């Protein structure tokens, strides 16, 4: 309706990061297609699916994928795209593999050719280079994103959008002085979308249900909005959340209303997060008992 994309993260496959490979059903779990369907009936048209690089391609990122984990990733993606919604494949790794910084763009490109080959003919799949790069060289971050793009396109996956992420946990509030060099990324398909994340608590970590103020969302994405416009780029808020309270609800509405007046650069937003194992999580958007699903979704309807 208002935005090109509006949806939620579907977390679970990246749980229990300390347990590798880990056991499905105990350490991690895949999203429930039944509840995803409920969110789609509500108007959401995009779902981000985090997964661990080490579980998909064990030991070496240039190796063969694990058939079982890959099977569930494919099943989850199709469940989403068969409904006409977009599925974002997200290696939720923070620019690290087995907790070591990914320092080889060539190996990363190979990893991406491998992943892209599995979804090359699906136009509704969106590739996310990596979740929240941080505390690493800025030129390396640029090179890793470019390597991902090169790998994806080399696989023949030319119709899909690619979400690139920056340094400093790809935060919107710190984008301009840290990630300026990201404007140099190139894509022969010209379908790069700059993905930023923005939380509303004190340190922007998204660990507290309390929001700084009723206007903090708008404040924190203003500079990024101007950067996107000045450089002729498009962006998306890949993660955002706020507690189920007055101040946060006002901040969320204010942020989304601001974005709605700047759709020339903002393509939409994705909530963090839905998923089957959140329980009483302060930001759970999982039907039908998630607190965000019951109290926040109602205020998001005007954008759906």
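Positions refer to the first chain, counted from 1.
Mean CA B-factor, 28 to 36 versus 42 to 50: the higher value falls on 28 to 36. The mean Cα B-factor in the deposited entry runs higher for 274 to 282 than for the other of 241 to 249 and 274 to 282.
Of the candidates 166, 206, 156, 188, the PDB record gives 206 the highest C-alpha temperature factor.
Ranked within its chain, residue 259 lands in the middle third, by CA B factor from the PDB record. Among all modelled residues in its chain, residue 83 ranks in the highest third by Cα B-factor.
Ranked against the other modelled residues of its chain, the C-alpha B-factor of residue 130 as given in the entry falls in the lowest third. In this PDB entry, the Cα temperature factor of residue 63 sits in the top third of its chain's modelled residues, the highest group. For residue 177, the recorded CA temperature factor ranks within the highest third of the chain's modelled residues.
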